[PDB]
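Chains as they are written, first to last, in PDB author numbering: chain 8, 1 to 38; chain H, 3 to 208; chain T, 61 to 119; chain M, 1 to 147; chain K, 2 to 175. No residue lacks a Cβ here, since even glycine has one placed at the ideal position from N, Cα and C.
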Amino acid sequence: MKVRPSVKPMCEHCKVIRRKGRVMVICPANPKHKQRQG
Amino acid sequence: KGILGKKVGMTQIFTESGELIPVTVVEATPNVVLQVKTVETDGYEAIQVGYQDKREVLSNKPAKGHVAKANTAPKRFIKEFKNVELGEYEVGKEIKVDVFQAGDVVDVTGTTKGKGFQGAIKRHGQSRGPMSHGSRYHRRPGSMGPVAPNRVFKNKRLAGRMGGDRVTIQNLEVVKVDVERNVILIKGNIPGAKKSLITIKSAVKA
Amino acid sequence: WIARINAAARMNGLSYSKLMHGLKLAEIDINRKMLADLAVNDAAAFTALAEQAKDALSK
Amino acid sequence: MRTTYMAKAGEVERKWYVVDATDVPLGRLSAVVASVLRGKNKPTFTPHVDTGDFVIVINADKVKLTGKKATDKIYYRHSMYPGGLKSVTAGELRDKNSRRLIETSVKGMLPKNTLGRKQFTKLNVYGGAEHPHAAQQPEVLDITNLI
Amino acid sequence: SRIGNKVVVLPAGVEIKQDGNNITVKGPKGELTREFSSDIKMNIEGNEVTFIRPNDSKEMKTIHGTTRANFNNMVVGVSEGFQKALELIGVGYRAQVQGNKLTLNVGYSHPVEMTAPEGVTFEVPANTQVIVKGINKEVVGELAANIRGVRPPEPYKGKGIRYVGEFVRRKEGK
RNA sequence: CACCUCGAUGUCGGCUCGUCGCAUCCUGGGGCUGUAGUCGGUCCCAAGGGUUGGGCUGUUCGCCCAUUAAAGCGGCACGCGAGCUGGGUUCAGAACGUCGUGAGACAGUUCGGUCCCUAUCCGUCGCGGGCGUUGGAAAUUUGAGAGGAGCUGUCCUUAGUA
RNA sequence: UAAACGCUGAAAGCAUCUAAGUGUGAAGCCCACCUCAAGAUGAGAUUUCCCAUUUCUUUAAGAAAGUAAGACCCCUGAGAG
Ligand SMILES: [K+]
Ligand SMILES: [K+]
Ligand SMILES: [K+]
Ligand SMILES: [K+]
Ligand SMILES: [K+]
Ligand SMILES: [K+]
Ligand SMILES: [K+]
Ligand SMILES: [K+]
Ligand SMILES: [K+]
Ligand SMILES: [K+]
Ligand SMILES: [Mg+2]
Ligand SMILES: [Mg+2]
Ligand SMILES: [Mg+2]
Ligand SMILES: [Mg+2]
Ligand SMILES: [Mg+2]
Ligand SMILES: [Mg+2]
Ligand SMILES: [Mg+2]
Ligand SMILES: [Mg+2]
Ligand SMILES: [Mg+2]
Ligand SMILES: [Mg+2]
Ligand SMILES: [Mg+2]
Ligand SMILES: [Mg+2]
Ligand SMILES: [Zn+2]
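In C-alpha cells form, the structure reads like this:
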C-alpha cells in the first residue's frame with residue numbers, strides 16, 4: 001500500500017474507487033499499484 | 003470460597019522432599035453467616051460473615067439483635083463475601099478452615115502495618131540527593147513541577163502517613179490446613195500486624 | 061416584559077414578534093410594561109388584545 | 001411606578017410534564033425542555049426566582065442523533081490529574097447511560113448558577129416508556145410543533 | 002442494463018411470503034429471511050417477481066439494484082444453495098471433518114479446528130479438497146473466507162488454502 | 001523585530017521530581033518488497049509500558065569501552081537554584097601570549113574566589129473538627145467517579161520440520 | 001475499534017470491503033486485576049436497636065427538659081500515632 005497525497009492509476013488495470021470517504025487505487029494485476037490517499 | 007482469620011505469625015515448614023518454605027499461620031475460629039443478601043432485597047448477592055466472638059459487655063443492643071438471627075455471640079469482625087453460591091449458605095451456618103485444602107491457591111487481604119508520618123524516600127522509594135560534595139539536599143521529595151502551570155500537578159507524591167492500607171496478595175498457596183486448631187498455613191508472608199484481621203478467598207485469577 | 065409577553069402570546073397561539081406586528085397594524089400603542097402587567101394579572105384583557113392583533117394580521 | 005410583577009418562591013404552582021424523546025433530535029428536545037424547566041413558557045417568569053415546571057423525559061434511549069453524531073460526537077471530561085482525560089461517544093452514552101446523555105445536554109442549556117442547578121434537579125430522564133412519578137399526575141407535553 | 006429492473010423467476014417449488022419487511026423465501030433447501038428496505042416495491046407473479054423504485058435518484062437506483070440482488074440470492078440459495086470449493090496445496094496439508102467440525106493440518110504446530118453454523122456444512126470429499134455448502138450466500142462466502150485465511154496462499158511455491166480456481170500470482174523466489 | 005520585565009523575570013551543566021506531544025528507539029498490528037527461509041528495506045496503525053553503566057572533558061554535544069529488546073526525538077521560563085550543586089561563564093588578586101608610549105585591554109588563556117529568606121494565600125501530600133445527608137442510633141454495603149498497574153530477555157519443544 | 005483484510009452487494013448487466021447489510025482485526029480504547037470512593041448536597045441501599053415522654057406557648061416543622069437506644073468526657077494502653 002502506497003499512502004500518498006497524489007494517487008493515480010499506474011496501468012490500464014488500475015481502478016480508482018472511494019472507500020469510507022478515502023480515494024483509493026486498486027489493481028488486480030500489480031499489487032504494487034495499490035494506493036490510498038493520505 | 004472464603005474465610006476470615008487472624009494473623010498469628012510466621013514460621014517455616016519442611017515440605018515433602020525436605021524443601022523449607024516460610025508460612026504464615028492464620029487462625030480462623032469457625033466463622034458464622036450472619037446475613038444473606040440477595041438481588042431481591044439488596045440488589046446484589048453476598049453473604050455476611052462474622053468472626054471472633056466478642057464479649058457481651060463490648061456489644062450493643064443493635065449488634066446483638068443483628069446476630070440474633072444467626073443465634074451466636076456478638077462477632078468482632080463482619081465482612082461480606084461475594085461470588086459465592088448463596089444456595090449453599092444460610093444464616094447461622096458455620097464456615098471452617100476445612101473449606102480450603104492444602105495446595106489451594108488463594109488471595110489474602112489484610113491491612114498493612116502502619117508506619118505513621120513518613121518522608122518521600124521511605125514512603126515512595128524515591129532517590130536521595132548526594133550526601134556530600136556540598137549537597138544540602140538529602141531526603142527531600144524533588145521538584146514540585148514545571149513553572150508554566152503556576153501550580154503543582156495532582157499526585158506529586160510527598161511525605162505523609164504511610165501504611166494502614168488494604169492490600170491483597172494474590173496467588174498464595176495453602177500449605178496446610180489444621181481443622182482441630184482452626185489454622186491455615188499459607189506459603190509466604192501476608193500484609194498486617196499480628197492479631198489483625200485477614201481475609202482468605204479463592205484466587206480470582208485462577 | 062418582552063419575555064413575559066412572549067409566553068402569554070404563545071399561550072394565545074402567537075409569537076411575541078407576530079403579536080407586536082399585529083398590534084402595530086391595529087394601531088395599539090399599549091407599551092410592553094402594560095402588556096406584561098395584563099398578561100400576568102388580566103389574562104382576559106391580554107387575550108382580547110391578542111385577538112385584535114391576529115385579526116389585523118389576517119387582514 | 002415600579003409596579004412590575006415579581007413572582008415569589010412557593011406562590012407559583014409547578015406542574016409536571018411528560019416528554020417523549022422518541023426520534024427527537026437530542027438538542028431540540030433539550031432546548032424545549034430547558035425553556036420549560038426555566039419557566040420561559042409561563043407569563044409569571046421571574047429571572048431571580050424559580051418558576052418552571054417539572055419535566056419527565058421518557059424513551060431517552062430512542063433520542064435521535066443526526067449525522068454521524070452517534071460515533072463522532074465525543075464527550076470529554078478531565079479528572080484533573082495529569083493526562084486524566086476521558087472520552088465517550090454520544091452513541092455509547094445513548095446505549096448504556098441515556099439519562100446521562102439527556103442530563104448533560106440540558107445542563108449545558110440551563111444557567112450556570114445556583115438557580116440553574118436547582119432547576120436542573122427538576123429534570124427526570126428515563127430510557128423506556130415508564131416512569132415512577134405517576135403520583136405527581138404528570139401530563140403529556142407534545143413538542144412536535146415546539147421543535 | 003439494470004440488475005434492479007431485471008426480473009427474478011421462481012424455479013421448481015420455491016415460495017415467497019411477504020410482509021411489511023422480512024421477506025421470507027422457502028423451498029427444498031431451506032428457509033431464509035431478510036429485512037428488505039421499505040422503499041422498493043415488489044410485484045409478484047405466479048413465477049415472476051419484479052422490483053420498482055419510486056424515482057431515478059442515486060439512492061433509489063443503488064437500493065433497487067441491491068434489493069433485487071439480495072432477493073435473487075435468497076431464491077437461488079433456497080433452490081440450489083451455494084458452495085465454495087477450496088483446494089489446499091502443500092507437501093503435508095490435509096483436512097478432515099467430524100460432523101460440523103473441520104480440522105485442518107496446514108503446517109502449523111497445531112491443527113486448526115473450525116465449526117460450521119447450522120446453515121452450512123463441510124464436505125471434505127478428499128483430505129485436500131474442502132467444500133463449504135450452505136443456503137445463505139453471505140454465510141457460505143464468510144466461512145470459505147475464514148478457511149482460506151487459516152493459511153492464505155503464498156506466491157513463491159503456491160502453498161496454502163485457495164479458492165478453487167482463483168488466480169495466484171507466483172514470484173520466482175531464488 | 002524590540003511588545004512585558006532594568007524601584008531585578010537568576011544565567012550553562014549536573015542532581016531530585018517528573019509530566020506532556022508523536023514526526024515511534026523497543027515491544028504490538030498491518031501493506032508493499034528488487035519478501036525463498038533467517039535477516040531485512042519502505043510505508044501504514046499504535047504513546048500502554050520501557051527506553052543503561054562507565055572513560056574523557058565544567059560541560060551540552062561528541063568520541064570511546066561494555067552492555068540492551070531498545071539505548072527515540074522534542075515541549076514544559078533551552079521544566080525544575082524561596083528544591084540542591086556551583087565545575088563553566090561576568091567582580092575585586094595574580095600570571096602567560098598578544099595589543100597599547102601609558103593607565104589598561106582581549107582579537108585569548110591560567111591559578112584563586114560570600115548561592116540570603118521562620119511559607120500569609122493558592123497549589124500539592126497527609127490528618128482532624130463542624131454541619132449536612134429531614135426521628136435518633138450500631139454495623140454491613142452498591143459504585144457515579146477516580147487512582148494504580150500496564151515492560152521485557154533467554155532457553156526447551158514443535159523441528160533441524162516448512 | 002485503528003491500520004489492514006474481507007463476505008454479500010448495487011449504484012455502474014461487468015467489476016466493487018460500502019451505499020444499505022455482515023465479519024475478522026493491535027502491548028492501544030472499555031471491561032477484566034488492585035486500591036480509594038454516597039459532601040455521588042443526585043448525600044444511595046440492607047440488617048439490627050430505641051419509642052411516641054414531660055412543661056409552656058400555638059396551630060408553631062413552636063420553645064425547653066428529663067430521658068431511651070447510643071455516643072462521648074475521663075482513665076489503662078498499642079497492633080495506632
Ligand atoms: K531587567
Ligand atoms: K514490514
Ligand atoms: K508508548
Ligand atoms: K564524567
Ligand atoms: K571530568
Ligand atoms: K522530557
Ligand atoms: K541557590
Ligand atoms: K521563585
Ligand atoms: K494567593
Ligand atoms: K451518607
Ligand atoms: Mg508522484
Ligand atoms: Mg541513586
Ligand atoms: Mg492557571
Ligand atoms: Mg517602534
Ligand atoms: Mg517590584
Ligand atoms: Mg503516527
Ligand atoms: Mg580513574
Ligand atoms: Mg531552564
Ligand atoms: Mg524556582
Ligand atoms: Mg610594548
Ligand atoms: Mg572576546
Ligand atoms: Mg585556597
Ligand atoms: Zn495497475
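In this structure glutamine 119 (chain M) is buried. Its beta-carbon is surrounded by 16 or more other beta-carbon atoms within 10 angstroms. Judged by pairs of C-beta atoms under 8 Å, the stretch 62-74 of chain H touches the stretch 85-103 of chain H, as three or more such pairs exist. Contact residues of the stretch 8-42 of chain M toward chain T are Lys40, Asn41, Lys42 (C-beta to C-beta distance below 7 Å).
Within the stretch 128-141 of chain M, no residue has its Cβ closer than 8 Å to any Cβ of chain H.
Taking all protein chains shown into account, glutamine 137 (chain M) has fewer than 16 neighbouring C-beta atoms within 10 Å of its C-beta and is therefore exposed.
Taking a cut-off of 8 Å on C-beta distances, the stretch 43-60 of chain H does not touch the stretch 132-145 of chain H, as fewer than three cross pairs fall below it.
Of the other Cβ atoms in all chains shown, 16 or more fall within 10 Å of the Cβ of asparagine 33 (chain H); this residue is therefore buried. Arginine 183 (chain H) counts as exposed, since fewer than 16 other beta carbons sit within 10 angstroms of its beta carbon. Where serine 145 (chain H) is concerned, there is no enclosing alpha helix (DSSP H), because DSSP gives it neither an H nor an E. At a Cβ-Cβ threshold of 8 Å, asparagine 128 (chain K) and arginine 149 (chain K) do not count as neighbours. According to the DSSP assignment, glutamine 112 (chain T) belongs to no beta strand (DSSP E) but to the alpha helix (DSSP H) extending over 103-118. Following the DSSP letters along the chain, one finds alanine 31 (chain M) inside the alpha helix (DSSP H) bounded by residues 26-38. Taking a beta-carbon distance threshold of 8 Å, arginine 64 (chain T) counts as an interface residue toward chain M. Only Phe155, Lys156, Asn157 from the stretch 146-164 of chain H bring a Cβ to less than 7 Å from some Cβ of chain M. Put simply, the residues with a CB less than 7 Å from any heavy atom of ligand 23 are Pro9 (chain 8), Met10 (chain 8), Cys11 (chain 8), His13 (chain 8), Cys14 (chain 8), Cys27 (chain 8), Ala29 (chain 8), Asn30 (chain 8), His33 (chain 8), in chain order. Within the DSSP bridge table, the entry for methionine 115 (chain K) names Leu103 (chain K) as partners. Straight-line spacing of the CA atoms in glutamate 18 (chain H) and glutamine 97 (chain K) works out to 48 Å. Here the alpha carbons of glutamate 111 (chain T) and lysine 15 (chain M) stand approximately 27 Å from one another. Counted as a single uninterrupted DSSP element, the alpha helix (DSSP H) harbouring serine 80 (chain K) occupies residues 59-80.
For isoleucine 202 (chain H) against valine 107 (chain H), the beta-carbon gap comes to about 11 Å, at or over 8 Å, which does not count as contact. Of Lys84 (chain H), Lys115 (chain H), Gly144 (chain H), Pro24 (chain H), the smallest CA-CA separation from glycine 194 (chain H) is found for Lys115 (chain H).
Shown here for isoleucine 56 (chain M): same chain residues with a beta carbon closer than 6 Å to its own, the five before and five after excluded, namely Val18, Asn124, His131, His133, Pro138 in chain order.
The stretch 73-90 of chain K makes contact with the stretch 117-134 of chain K, as at least three CB pairs between them are under 8 Å.
With a threshold of 8 Å between beta carbons, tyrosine 76 (chain M) makes no contact with chain H. Under the three-state reduction of DSSP output, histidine 140 (chain H) falls in the coil class, being neither helix nor strand. Look at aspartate 97 (chain T): its C-beta is under 8 Å from a C-beta on chain M. Take the alpha-carbon of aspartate 61 (chain M) and the one of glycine 91 (chain M): they are about 10 Å apart.
No Cβ-Cβ contact shorter than 8 Å links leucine 89 (chain K) with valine 113 (chain K).
Per the coordinates, the alpha-carbon of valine 141 (chain K) lies some 16 Å from the alpha-carbon of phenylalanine 72 (chain K).
Listed in chain order, the non-local C-beta contacts of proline 55 (chain K) below 7 Å within the same chain comprise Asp40, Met61, local neighbours out to five positions each way being set aside. Residue pairing from DSSP places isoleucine 188 (chain H) in a beta bridge opposite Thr26 (chain H), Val176 (chain H). Per DSSP, the continuous alpha helix (DSSP H) segment holding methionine 80 (chain T) begins and ends at 76-85. Taken through DSSP and simplified to helix, strand or coil, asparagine 44 (chain K) comes out as strand.
When secondary structure is reduced to three states using DSSP, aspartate 142 (chain M) falls in the coil class, being assigned neither helix nor strand.
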